[PDB]
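Okay, model.cif now, which holds mmCIF, C-alpha atoms:
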```cif
data_upload
#
loop_
_atom_site.group_PDB
_atom_site.id
_atom_site.type_symbol
_atom_site.label_atom_id
_atom_site.label_comp_id
_atom_site.auth_asym_id
_atom_site.auth_seq_id
_atom_site.Cartn_x
_atom_site.Cartn_y
_atom_site.Cartn_z
ATOM 1 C CA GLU A 2 31.815 -63.030 92.614
ATOM 2 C CA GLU A 3 28.935 -62.928 90.101
ATOM 3 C CA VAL A 4 26.888 -59.746 90.549
ATOM 4 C CA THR A 5 24.143 -57.666 88.940
ATOM 5 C CA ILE A 6 24.932 -53.980 88.347
ATOM 6 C CA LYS A 7 22.127 -51.574 87.620
ATOM 7 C CA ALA A 8 23.359 -48.360 86.007
ATOM 8 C CA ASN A 9 21.180 -45.261 86.080
ATOM 9 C CA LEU A 10 22.421 -42.868 83.437
ATOM 10 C CA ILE A 11 21.327 -39.389 84.450
ATOM 11 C CA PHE A 12 21.787 -36.771 81.712
ATOM 12 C CA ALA A 13 21.875 -32.990 82.222
ATOM 13 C CA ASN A 14 18.977 -32.418 79.828
ATOM 14 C CA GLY A 15 16.705 -34.232 82.260
ATOM 15 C CA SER A 16 16.470 -37.610 80.529
ATOM 16 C CA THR A 17 17.586 -40.821 82.217
ATOM 17 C CA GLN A 18 18.166 -44.297 80.902
ATOM 18 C CA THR A 19 19.030 -47.529 82.681
ATOM 19 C CA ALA A 20 21.179 -50.471 81.663
ATOM 20 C CA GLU A 21 21.808 -53.694 83.546
ATOM 21 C CA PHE A 22 24.963 -55.829 83.536
ATOM 22 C CA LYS A 23 25.777 -59.187 85.132
ATOM 23 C CA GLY A 24 29.218 -60.743 85.481
ATOM 24 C CA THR A 25 32.054 -61.151 87.969
ATOM 25 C CA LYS A 26 32.302 -58.119 90.258
ATOM 26 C CA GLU A 27 35.810 -56.824 89.457
ATOM 27 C CA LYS A 28 35.519 -57.120 85.718
ATOM 28 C CA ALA A 29 31.923 -55.894 85.459
ATOM 29 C CA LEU A 30 32.534 -52.643 87.380
ATOM 30 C CA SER A 31 35.592 -51.794 85.338
ATOM 31 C CA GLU A 32 33.633 -52.476 82.133
ATOM 32 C CA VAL A 33 30.712 -50.268 83.089
ATOM 33 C CA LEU A 34 33.073 -47.368 83.851
ATOM 34 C CA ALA A 35 34.770 -47.805 80.458
ATOM 35 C CA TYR A 36 31.321 -47.631 78.833
ATOM 36 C CA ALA A 37 30.435 -44.503 80.815
ATOM 37 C CA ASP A 38 33.598 -42.978 79.384
ATOM 38 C CA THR A 39 32.311 -43.435 75.805
ATOM 39 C CA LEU A 40 29.294 -41.258 76.714
ATOM 40 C CA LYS A 41 31.395 -38.265 77.783
ATOM 41 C CA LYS A 42 31.888 -36.798 74.305
ATOM 42 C CA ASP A 43 28.165 -36.177 73.804
ATOM 43 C CA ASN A 44 27.069 -35.774 77.407
ATOM 44 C CA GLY A 45 29.868 -34.231 79.458
ATOM 45 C CA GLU A 46 31.920 -35.402 82.450
ATOM 46 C CA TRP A 47 30.386 -37.983 84.761
ATOM 47 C CA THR A 48 30.289 -38.394 88.525
ATOM 48 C CA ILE A 49 29.351 -41.716 90.112
ATOM 49 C CA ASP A 50 27.942 -42.823 93.456
ATOM 50 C CA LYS A 51 27.217 -46.403 94.513
ATOM 51 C CA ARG A 52 24.686 -48.224 96.622
ATOM 52 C CA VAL A 53 24.381 -51.957 97.246
ATOM 53 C CA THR A 54 20.656 -52.556 97.714
ATOM 54 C CA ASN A 55 19.313 -56.066 98.311
ATOM 55 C CA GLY A 56 22.405 -57.621 96.728
ATOM 56 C CA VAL A 57 22.304 -55.480 93.577
ATOM 57 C CA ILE A 58 25.005 -52.872 92.907
ATOM 58 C CA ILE A 59 23.327 -49.610 91.923
ATOM 59 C CA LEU A 60 25.461 -47.061 90.091
ATOM 60 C CA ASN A 61 24.143 -43.549 89.550
ATOM 61 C CA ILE A 62 26.135 -42.026 86.710
ATOM 62 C CA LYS A 63 25.462 -38.317 86.373
ATOM 63 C CA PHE A 64 26.619 -36.389 83.344
ATOM 64 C CA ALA A 65 27.293 -32.649 83.693
ATOM 65 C CA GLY A 66 26.461 -31.724 80.121
#
```
Would you mind writing the structure in this file as structure tokens?
Amino acid sequence: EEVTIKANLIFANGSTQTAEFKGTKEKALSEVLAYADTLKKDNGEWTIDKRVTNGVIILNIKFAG
């Protein structure tokens, strides 16, 4: 239930930032997507892909600009 989500925020200008979240799986994922949505105004539409590596959920969030 409790998981660690690592979010790689990949911006179209070439910069990238990372944020980490821990909480119950269902709630945490939904929350990270809602946060990604707040970044759209300044960074464009996002696309996400997911990988579960060594127990950690890795989310690559790419903004189109």
Name the residues that the PyMOL selection byres ((chain A and resi 8) around 9) pulls out of this structure, and write them as a PyMOL selection string. chain A and resi 6-7+9-10+18-22+33+58-62
Quick one: of A:37, A:63, A:31, A:2, who's nearest to residue 49 in chain A, counting only C-alpha atoms? A:63
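For the pair CA of residue 41 in chain A and CA of residue 23 in chain A, the separation is 22.9 Å.
Between CA of residue 44 in chain A and CA of residue 13 in chain A there is a distance of 7.6 Å.
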Within 7 Å of residue 64 in chain A using only C-alpha atoms, minus same-chain residues under 4 positions, as a ChimeraX atom specification: /A:11-13,44-48
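A straight line drawn from CA of residue 54 in chain A to CA of residue 38 in chain A is 24.4 Å long.
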For the provided coordinates, the residues matched by the PyMOL selection byres ((chain A and resi 4) around 6) should be stated as a PyMOL selection string. chain A and resi 3+5+23-26
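Compared by their closest atoms to residue 40 in chain A, and using all atoms listed in the file, the residues A:66, A:27, A:52, A:14 rank with A:66 nearest.
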